[PDB]
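Notes follow the structure.
The numbers here are math on the coordinates, done by the rules we state, and not lab data. Virtual Cβ from ideal backbone geometry, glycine too; neighbours counted across all protein chains shown.
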Amino acid sequence: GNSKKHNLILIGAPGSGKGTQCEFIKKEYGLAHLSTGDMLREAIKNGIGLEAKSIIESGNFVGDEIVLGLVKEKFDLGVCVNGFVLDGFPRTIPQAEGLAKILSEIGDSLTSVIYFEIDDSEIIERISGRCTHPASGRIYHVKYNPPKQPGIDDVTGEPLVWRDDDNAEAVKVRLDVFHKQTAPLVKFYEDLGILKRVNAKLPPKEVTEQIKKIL
Ligand SMILES: Nc1ncnc2c1ncn2[C@@H]1O[C@H](COP(=O)(O)OP(=O)(O)OP(=O)(O)OP(=O)(O)OP(=O)(O)OC[C@H]2O[C@@H](n3cnc4c(N)ncnc43)[C@H](O)[C@@H]2O)[C@@H](O)[C@H]1O
Ligand SMILES: [Mg+2]
């Protein structure tokens, strides 16, 4: 971020609007956005291939060690020195501990963890309208956050596309493993005294204003 550096984690249900908020956070605060789901889809599309692909499209978690490898690689290259926002990582307690080691080894620390509160029925409506620009990871919603022109990305004009993990059985998996494995991280970070909550059910601009109040 330079003068606007923060070291931020967003935790929230699959589908809660973290990558949408990361667009303003990257741009306003100059932070590196690390979505390990987008990082995995980029490791896939460049041919961590078919087995990771199936695991993601089933809605299950990829191995802790695989994702900790990809995050550590960003930190080791210097991508995060100007601040970062982690989105979808950590999502298990071994990943949180692995991250604490990575930060301990550089002497940096977390600024804030922001927990997006939203219920599972609204997440199903958020995912059902989603489409994505695959090269950039930008996301739109056909009802609540549409592209400016039909069917295409606002920046490149390239087509928007479906995500294969947005099928009904994987949405159920994603929500189930989130409540079992990821939700415990809210106490993990409240115990460190750095967790704040936002009402992710509100319209996207109102969620952005709540986030700005915390940053
Ligand atoms: N650490 C890790 N460990 C192990 N496995 C890992 C892992 N990280 C990744 N994985 C694996 O990879 C998979 C993919 O991970 P990932 O790509 O992170 O998927 P996810 O966890 O299911 O989360 P999403 O990306 O779907 O949600 P989001 O919070 O980014 O919401 P978005 O802004 O898109 O918004 C959704 C929709 O809502 C719209 N929207 C946003 N805000 C609003 C609003 N306020 N009102 C109405 N609509 C809204 C959006 O336009 C969009 O249509 C995981 O399921 C797992 O298999
Ligand atoms: Mg996302």
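How big, in percent, is the set of alpha carbon pairs in the range 88-199 lying more than 24 Å apart?
Values: 2690 of 6216 pairs.
I get 43 percent for the Cα pairs in the range 88-199 exceeding 24 Å.
Stretched out fully, how many nm does the piece from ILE66 to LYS172 gain, at 0.36 nm a residue minus the Cα gap? Display every interim value, and only then the final one.
Values: separation 106, 0.36 × 106 = 38.16 nm, distance 2.31 nm.
The span from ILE66 to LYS172 would gain 35.8 nm if fully extended.
Which of the peptides 35-41, 9-15 is most tightly packed, and how do the rest follow, judged by the mean count of other Cβ atoms within 10 Å per residue?
9-15, 35-41
Hey, rough spin-label estimate for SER128 and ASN82, points 7 angstrom out along Cα→Cβ, what's it come to in nanometres?
My value for the distance between the label points is 4.1 nm.
Placing unit charges on C-beta atoms (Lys and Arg positive, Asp and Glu negative, everything else neutral), compute the dipole magnitude of the chain about its Cα centre in debye, rounded to 20.
Roughly 580 debye for the chain.
So in the chain, what percent of DSSP beta bridges are antiparallel if you round to the nearest 5?
Within the chain, antiparallel bridges account for around 25 percent of the total.
Compute the separation of the alpha-carbon centres of the range 104-180 and the range 59-87 and state it in Å as a whole number.
Computed from Cα coordinates, the inter-centre distance equals 18 Å.
Could you tell me which of the pairs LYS53/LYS74; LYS74/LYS212; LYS18/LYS72; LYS26/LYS213; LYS5/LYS27 are separated by over 18 angstrom between their Cα atoms in the structure shown?
Going by Cα-Cα distance, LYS53/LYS74; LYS74/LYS212; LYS18/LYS72 fall outside the 18 Å limit.
Over the Cα atoms of the chain, what is the Rg over Rh ratio if Rh follows Kirkwood?
0.93
Could you tally the net charge around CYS80, taking each other residue with its Cβ under 15 Å from the Cβ of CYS80, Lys/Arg +1 and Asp/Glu -1?
Details: positive: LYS4, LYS5, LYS26, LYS72, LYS74, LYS101; negative: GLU73, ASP76, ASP87, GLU105, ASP108.
It works out to a net charge of +1.
What residues from the range 51-70 fall in the zone where the backbone N is under 14 Å from a label point 7 Å along the Cα-to-C-beta line of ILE93?
none
Could you compute the net charge surrounding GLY59? Neighbours are other residues with a C-beta less than 10 Å from the C-beta of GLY59; K and R count +1, D and E count -1.
Spelling it out: positives minus negatives among the neighbours equals -3.
Calculate the spin-label point distance for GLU23 paired with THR156, positioning each point 7 Å from the Cα along the beta-carbon direction, and give it in nanometres.
The answer from the label model is 1.5 nm.
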